[PDB]
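Worksheet: the structure to be examined is printed underneath.
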Amino acid sequence: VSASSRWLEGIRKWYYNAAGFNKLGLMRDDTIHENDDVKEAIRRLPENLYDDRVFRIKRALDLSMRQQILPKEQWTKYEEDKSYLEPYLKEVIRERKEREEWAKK
Amino acid sequence: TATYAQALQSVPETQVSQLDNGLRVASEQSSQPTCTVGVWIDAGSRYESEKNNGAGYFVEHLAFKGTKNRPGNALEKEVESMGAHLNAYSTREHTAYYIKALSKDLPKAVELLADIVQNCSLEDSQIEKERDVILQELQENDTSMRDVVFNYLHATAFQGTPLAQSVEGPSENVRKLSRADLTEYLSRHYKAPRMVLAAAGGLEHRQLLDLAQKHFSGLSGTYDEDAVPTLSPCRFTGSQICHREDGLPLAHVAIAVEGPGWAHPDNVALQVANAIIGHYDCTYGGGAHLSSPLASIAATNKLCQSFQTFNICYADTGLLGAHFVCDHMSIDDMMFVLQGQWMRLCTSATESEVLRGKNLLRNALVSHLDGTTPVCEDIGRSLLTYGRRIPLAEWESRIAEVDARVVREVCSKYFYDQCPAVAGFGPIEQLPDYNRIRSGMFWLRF
Amino acid sequence: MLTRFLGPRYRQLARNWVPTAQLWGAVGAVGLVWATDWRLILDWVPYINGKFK
Amino acid sequence: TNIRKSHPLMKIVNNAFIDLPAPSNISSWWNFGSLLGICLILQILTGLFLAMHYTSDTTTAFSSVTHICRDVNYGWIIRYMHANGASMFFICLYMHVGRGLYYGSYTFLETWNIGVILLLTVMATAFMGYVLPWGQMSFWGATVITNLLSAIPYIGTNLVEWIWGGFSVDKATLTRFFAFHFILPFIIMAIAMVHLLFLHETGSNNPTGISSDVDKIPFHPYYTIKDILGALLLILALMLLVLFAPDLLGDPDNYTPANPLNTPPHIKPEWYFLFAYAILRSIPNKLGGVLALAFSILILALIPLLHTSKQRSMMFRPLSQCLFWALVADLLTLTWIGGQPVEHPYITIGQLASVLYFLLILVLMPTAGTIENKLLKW
Amino acid sequence: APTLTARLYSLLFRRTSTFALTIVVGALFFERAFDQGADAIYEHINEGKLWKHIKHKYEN
Amino acid sequence: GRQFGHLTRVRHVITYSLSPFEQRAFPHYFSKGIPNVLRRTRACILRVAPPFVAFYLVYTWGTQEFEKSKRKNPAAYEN
Ligand code: HEM
Ligand code: HEM
Ligand SMILES: CCCCCC[C@H]1C(=O)O[C@H](C)[C@H](NC(=O)c2cccc(NC=O)c2O)C(=O)O[C@@H](C)[C@@H]1OC(=O)C(C)C
């Protein structure tokens with residue numbers, strides 16, 4: 001814990017707000033590029049997460065079309081941003097790499 | 001810690017003895033309380049002719065039906081009461097009759113074999129009864145698509161030769177064979193220098209020799225004048241037989257290339273490559289993750305229900321290939337994939353997959369030789385084919401020799417740009433044209 | 001990040017297709033030569049001199 | 001049963017713009033695909049009507065065009081729509097590629113790549129196009145350019161004279177170019193369909209780079225009418241030029257016939273090659289200049305190999321968003337320099353803009369991407 | 001002593017590499033020898049050429 | 001190609017919509033329109049505008065120095 005760690009956190013909170021997806025109600029993970037690994041992790045989500053992710057992205061695509069955004073008090077507050085897809089994505093990558101590694105010998 | 005290498009050394013040597021008959025007498029002693037004895041005859045259907053085909057098969061059906069000293073029941077009753085198991089089989093090249101029995105019952109075990117092999121009654125009333133059972137066996141066999149397609153592979157690959165024939169024969173022979181046809185095939189083929197008394201378990205080789213000399217003496221007290229049972233080599237034919245039948249739910253295909261035959265050292269390496277491709281079945285656990293690329297692709301994309309590579313051997317020739325079973329819309333993919341694998345190996349076998357193949361084969365071998373029966377059968381049969389018994393160690397040395405280069409060289413020798421013998425049965429509309437299958441036996445990149 | 005293809009097997013795969021890749025360049029060189037009637041290279045081939053005395 | 005779905009022909013048409021599911025989400029930056037289509041046909045269409053009056057032959061070349069403009073009933077609007085449509089075809093081509101990078105569309109390899117093939121071909125076409133009237137710009141434009149292949153080691157000379165039909169630009173060169181300018185747009189039109197074929201395999205990307213499968217709308221109503229309005233806008237612009245400012249984007253000196261003796265100290269290719277022009281001469285090398293000119297366009301096919309970001313669109317990427325505009329303005333710079341004489345300020349600044357271009361696309365944007373990843377904790 | 005065609009297959013036709021190499025190597029020599037023999041056949045049946053006409057004008 | 005019905009999986013979302021003949025095509029065109037384009041312009045000035053003024057500054061200074069390089073050239077040549 002540092003005075004400057006809050007600075008890095010501050011630069012991050014800064015970028016987050018700048019990046020802007022939160023105004024559309026998205027979560028960081030709702031905006032990842034879909035690739036094989038990402039597709040597989042999307043597959044592994046439990047019903048509720050998957051359903052929630054669908055509703056989110058629908059809400060954004062909808063906003064994006066009207067070119068609006070959500071009232072400020074409903075934006076995704078950084079730090080309340082749940083990294084719901086990382087653990088799966090991370091696990092999918094691990095197993096791919098194990099394969100990749102087996103293919104060398 | 002007793003090593004694998006070392007373990008192979010511990011397996012006791014198979015003892016071989018020749019009578020004055022020329023009857024070879026061989027055994028492999030172990031500590032077991034049970035055993036397996038029987039006679040392996042160098043007699044099949046490749047030895048038969050257009051007109052006595054099914055004779056060996058017809059004899060087998062009679063072999064346990066009664067002898068001179070033991071008519072009808074007798075045999076069964078002796079075997080059954082001593083709690084033993086009497087069995088037999090016949091292929092295109094060999095015939096065997098073995099008894100599983102309490103090892104303390106080696107004396108009568110052998111006695112019974114002799115009688116069976118020598119004094120087979122062949123009561124005419126039995127021959128008639130058996131005629132109708134074998135006919136039935138044929139209606140039955142007609143429903144095993146697998147049995148069918150393998151007969152067709154043989155029928156087409158070796159077209160015009162004896163090897164092209166089936167073991168059971170065509171119906172008319174079964175309908176037409178006579179006692180005279182039988183006894184003459186018997187005397188023609190059941191001669192000592194072509195028989196091998198084999199055994200495995202709790203016996204001592206001397207005891208076996210004694211018996212063999214007691215119950216087998218006097219079989220070739222007459223070495224034949226000019227009856228020269230010599231096998232003419234059999235032509236192979238790049239050809240194709242398709243038995244279309246859209247009423248069957250799944251298709252069987254069997255594709256092969258000409259193999260070298262029992263004695264060629266190339267077998268070991270071919271078996272390794274075969275192990276690499278392996279086999280598959282829809283009840284295998286572990287699908288996507290299988291080492292065999294064919295198997296893994298077949299499992300993930302549902303290309304089939306089952307496949308299996310194989311290497312059939314006969315004298316100086318053999319069928320080498322794969323057989324699969326699948327849905328009517330997958331025959332093309334299965335073939336593609338099967339063939340692409342064959343080529344990959346001819347031109348790109350990598351090192352580790354070959355280790356796996358070698359290990360598989362070692363496992364197979366050792367695992368297969370487990371128990372009196374499997375061993376006994378290997379003794380008897382090997383004496384017929386290799387003239388000797390190839391000690392585990394030797395196979396281990398043969399396998400070790402093999403590595404990627406040997407695989408590519410050996411695979412290319414038999415598969416590369418070679419003419420296949422294709423056999424099809426079932427809903428085969430999508431089975432690729434022979435030209436197309438032929439083209440799949442080479443790569444334009446290489 | 002082509003590190004996925006760095007290992008013993010790849011090294012063996014690479015080596016197996018060396019003769020092929022080689023002979024396949026022989027086909028292309030000669031092929032380019034023959035097609036453009038390469039004055040430079042051809043002069044060297046014993047026969048094929050349709051530009052001598 | 002609905003014949004609109006089972007008839008071998010309609011299928012295609014149903015799949016093209018009726019039932020095809022599209023993002024409820026796309027915006028105006030997606031119109032330039034129809035506009036390019038429209039451009040392509042209108043170009044093919046006026047282009048053809050000019051061919052029923054044009055000639056070739058160096059003697060009559062210039063004469064025929066004027067014949068059309070003055071004598072041919074309405075030949076003028078046709079001629080000017082053709083020449084102005086040509087510029088519009090570049091504005092859109094430019095905008096299209098723009099939309100593409102910003103939004104990450106290039107992740108559809110085959111589609112993007114066919115589009116690069118579509119770029120070079122319409123460039124190659126429009127080049128031959130302006131040689132036709134046989135004006136001053138046409139002659140040396142046709143000379144300054146073509147020559148470049150003479151920078152190719154060992155065989156450069158041979159090729160440039162082979163494409164010429166002589167030892168300079170004349171007889172053999174005008175007829176050649178006309179014929180090629182005639183067959184190319186048809187070939188392009190084919191390639192376009194393959195471009196579009198590969199596009200239907202994934203459907204369209206959108207302003208968020210997320211994935212609209214969760215919210216698709218039918219092309220029926222929606223994008224057909226939003227394409228019509230759009231096309232009307234493209235007509236407004238094309239007509240504004242033709243009917244109010246016909247030569248605003250046209251070099252006044254392609255008037256006055258050719259002359260292998262002259263060369264009017266100025267000369268630049270049509271506006272749409274200025275950025276490229278600037279690059280080439282911003283290098284003191286025959287080989288390097290042309291080598292750099294090639295890379296200037298062939299780098300698009302490199303972009304996907306330098307996608308570094310974990311997000312697809314730049315919609316949520318301020319850092320890259322900045323480097324994107326820096327790229328655009330910098331291209332606007334190259335365009336401006338290209339338009340100026342090779343003298344004092346103009347040299348060094350156009351030399352800087354070149355380096356910037358390549359350093360921005362090759363180092364800056366790819367790094368901006370990675371930093372954003374790191375900032376987000378990705 | 002096998003066969004010409006046999007030996008030919010093993011050393012050059014088996015691999016699509018050598019197979020193709022053989023034909024590009026075989027086309028070069030064929031274009032040359034076929035153009036010789038052909039033109040020769042074309043001349044032999046003619047002789048009102050500009051070939052035998054030259055002997056007369058080495059001067060100017 | 002991909003058709004509706006085979007796109008993707010959607011759980012529990014209701015979507016209410018209204019007939020075009022029942023609503024306005026330009027709800028609050030100006031009332032809500034202008035404020036929003038201000039909002040979108042604001043939201044993006046800082047990433048779009050800067051590179052353009054940079055070009056703008058370099059363009060005016062660039063031509064300036066181009067004239068003042070030659071025209072201004074003489075200057076002095078005194079002897
Ligand atoms: C003959 C000129 C071209 C024509 C007629 C053409 C036509 C189209 C059409 C109709 C679309 C779908 C509508 C749209 O997204 O706007 C499209 C999208 C696309 N084109 Fe082209 N285009 C051409 C040149 C290009 C160029 C120059 C590129 C890039 C080198 C390109 C790569 C793409 C890509 C990647 C997309 C996907 C856009 C997205 O999904 O957002 N094509 N094009
Ligand atoms: C195959 C349909 C086309 C035909 C038949 C055609 C034919 C012609 C003819 C005969 C001319 C000389 C008359 C004149 O200059 O006005 C010309 C000029 C030109 N067309 Fe095409 N062309 C066609 C497609 C294109 C395309 C695809 C482009 C590229 C946008 C294009 C751009 C040009 C250009 C740049 C010129 C010369 C510029 C100018 O008029 O000053 N045309 N065309
Ligand atoms: C002849 C006219 C019938 C149309 C069939 C051919 C034309 C065709 O295929 O039509 C559809 C309309 C095709 N896609 C789009 O327009 C399109 C796709 C996503 C979004 C938008 N707009 C706004 O979000 C679009 O506008 C498109 O616009 O491609 C043109 C280049 C093609 O044109 C061509 O091929 C040429 C080769 C003919």
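FYI, side chains are in, hydrogens and waters are out, and symmetry mates aren't considered; it's all heavy atoms of this structure. Chain A is the first sequence line, chain B the second, and so forth, proteins listed ahead of strands; every chain is numbered from 1.
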Can B:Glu111 and B:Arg70 be counted as an ion pair, charged N to O under 4.0 angstrom?
-> yes

Any donor-acceptor pair under 3.5 Å from B:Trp40 side chain to B:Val196 backbone = no

Can you check whether B:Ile312 reaches B:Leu320 side chain to side chain, under 4.5 Å on heavy atoms?
-> no

Between B:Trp342 and B:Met441, is any pair of side-chain heavy atoms under 4.5 Å apart?
-> yes

Can you find a heavy atom in the side chain of B:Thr36 that is under 4.5 Å from one in the side chain of B:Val375?
-> no

Please determine if B:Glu429 and B:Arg244 form a salt bridge, counting it only when a charged side-chain N lies under 4.0 Å from a carboxylate O.
-> yes

To the nearest 0.5 Å, tell me how far B:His215 NE2 sits from B:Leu112 CG.
-> 9.5 Å

Are B:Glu245 and B:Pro427 side-chain neighbours, meaning at least one heavy-atom pair lies under 4.5 Å?
-> no

Salt bridge present between B:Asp417 and B:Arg438 (N-O < 4.0 angstrom) | yes

Between B:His323 and B:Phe310, is the ring centre distance below 6.0 Å?
-> no

Just do the side chain to side chain donor-acceptor pair (under 3.5 Å) check on B:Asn87 and B:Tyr97 with the steps written out, would you?
-> CA-CA 6 Å; B:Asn87 202 323; B:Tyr97 306 95; over 6 Å; no

When you check the gap from the basic side-chain N to the acidic O, do B:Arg188 and B:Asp224 get nearer than 4.0 Å?
-> yes

With under 30° as parallel and over 60° as perpendicular, where do the rings of B:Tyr284 and B:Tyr280 fit, or are they tilted in between?
-> perpendicular

Are the aromatic rings of B:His154 and B:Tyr314 close, with centres under 6.0 Å apart?
-> yes

Under 4.0 Å between a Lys/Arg side-chain N and an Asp/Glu carboxylate O for B:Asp181 and B:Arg179?
-> no

Answer yes or no: is there a donor N or O on one side and an acceptor on the other, between the side chain of B:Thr156 and the main chain of B:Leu153, under 3.5 Å?
-> no

With distance as the sole test, does B:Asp281 use its side chain to make a donor-acceptor pair with the main-chain N or O of B:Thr283 at under 3.5 Å?
-> yes

Any salt bridge between B:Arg388 and B:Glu394, counting N to O under 4.0 Å?
-> yes

Residue B:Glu128 excluded, over 12 heavy atoms near CD under 6.0 Å = yes

Side chain to side chain donor-acceptor pair (under 3.5 Å) between B:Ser103 and B:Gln32, worked out | CA-CA 8 Å; B:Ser103 126; B:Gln32 311 273 141; over 6 Å; no

Given the side-chain rings of B:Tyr386 and B:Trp395, with only the six-membered ring counted for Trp, is the space between their centroids under 6.0 Å?
-> yes

Can you establish whether the number of heavy atoms outside B:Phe336 located under 6.0 Å from its atom CZ is more than 12?
-> no

Would you please indicate if the ring centroids of B:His189 and B:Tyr185 are separated by under 6.0 Å?
-> yes

Less than 4.0 Å between a side-chain N and a carboxylate O, is that true for B:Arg389 and B:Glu13?
-> no

Do B:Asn53 and B:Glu48 have side-chain N/O donor and acceptor atoms under 3.5 Å apart?
-> yes

Find the distance between CD1 (B:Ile331) and NE2 (B:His328) and round it off to the nearest 0.5 Å.
-> 8.5 Å

Keeping the roles fixed (side chain from B:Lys68, backbone from B:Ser121), state whether a donor-acceptor pair exists under 3.5 Å.
-> no

Chi angles and distances behind the salt bridge (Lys or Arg N to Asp or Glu O under 4.0 Å) call for B:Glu377, B:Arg381 | CA-CA 6 Å; B:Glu377 125 133 38; B:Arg381 144 96 60 57; 3.2 Å; yes

B:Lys358 (side chain) donor-acceptor with B:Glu396 (main chain) under 3.5 angstrom | no

Check whether any side-chain heavy atom of B:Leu319 lies under 4.5 Å from a side-chain heavy atom of B:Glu258, and answer yes or no.
-> no

Does atom CG of B:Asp105 have more than 12 heavy-atom neighbours, drawn from other residues, nucleotides or ligands, at distances under 6.0 Å?
-> yes

Ring centres of B:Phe425 and B:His252 under 6.0 Å apart?
-> no

Would you say B:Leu135 and B:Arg175 make side-chain contact, with heavy atoms under 4.5 Å?
-> yes

